[PDB]
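Chemist: Mind having a look at this structure? Questions to follow.
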Amino acid sequence: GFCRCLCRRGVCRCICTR
């Protein structure tokens with residue numbers, strides 16, 4: 001559904017999510 005840098009306030013996760 002979305003493949004970008006999922007940056008959360010404390011942890012950044014750049015992955016590929018449906």
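Identifiers in the structure tokens: chain A, B, ... in order shown; residue index from 1 per chain; ligand index from 1 in order shown.
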Near residue 16 in chain A, within 10 Å and counting only C-alpha atoms, which residues show up once chain neighbours fewer than 2 positions away are dropped, as a PyMOL selection string?
Modeler: chain A and resi 1-6+13-14+18
Chemist: Next, dump the selected residues to file, keeping only C-alpha atoms, as a PDB file, in the first residue's frame.
Modeler:
```pdb
ATOM      1  CA  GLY A   1       0.000   0.000   0.000  1.00  0.00           C
ATOM      2  CA  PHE A   2       2.953   2.327   0.601  1.00  0.00           C
ATOM      3  CA  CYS A   3       6.747   1.976   0.171  1.00  0.00           C
ATOM      4  CA  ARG A   4       8.601   4.893   1.747  1.00  0.00           C
ATOM      5  CA  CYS A   5      10.504   5.937   4.858  1.00  0.00           C
ATOM      6  CA  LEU A   6       8.069   5.280   7.692  1.00  0.00           C
ATOM      7  CA  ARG A  13      11.693   2.336   9.072  1.00  0.00           C
ATOM      8  CA  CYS A  14      12.130   2.654   5.314  1.00  0.00           C
ATOM      9  CA  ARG A  18       1.472  -3.412   0.708  1.00  0.00           C
TER      10      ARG A  18
END
```
Chemist: Could you please write out, as a count of residues only, every residue of chain A that DSSP assigns to strand (DSSP E)?
Modeler: 8
